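Structural data, given as structure tokens:
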């Protein structure tokens with residue numbers, strides 16, 4: 001898997017065990033993501049922190 005980095009111009013290949021890409025938002029998915037990369041498990045949404053995960057190259 002390849003996943004976009006914080007500015008999705010750049011990207012990396014995920015290490016072993018991380019087969020999701022993610023975007024992390026402060027409060028709302030209608031904002032500039034505040035973190036991006038590879039991840040093992042898609043974290044649960046919380047009151048102020050939202051995660052969008054996906055499983056294809058550079059989907060984040």
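Numbering (PDB author numbering), first residue to last: 1 to 60. The C-beta atom is built at its ideal place from N, Cα and C for all residues, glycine as well.
Margin query: For residue 7, count the other beta carbons within 10 Å of its own beta carbon; 16 or more makes it buried, fewer makes it exposed. Which is it?
Written below: Burial state of residue 7 is exposed, judged by a 10 Å Cβ sphere holding fewer than 16 other Cβ atoms.
Item checked: Integer Cβ distance of residue 49 from residue 26, believed to fall under 8 Å -> Indeed they touch by this definition, with Cβ atoms about 7 Å apart.
Item checked: Where the beta strand (DSSP E) containing residue 36 begins and where it ends -> For residue 36, the enclosing beta strand (DSSP E) has its first and last residue at 35–39.
Note to self: If you reduce the DSSP assignment to three classes, tell me which class residue 50 lands in.
What the structure shows: In the structure shown, residue 50 sits in a strand (DSSP, three-state: E or B).
Next item on the list: Using only alpha-carbon positions, find the residue among 34, 15 and 33 that is nearest to residue 1.
Entry: Comparing C-alpha distances from residue 1 to each of 34, 15 and 33 shows the shortest one belongs to 15.
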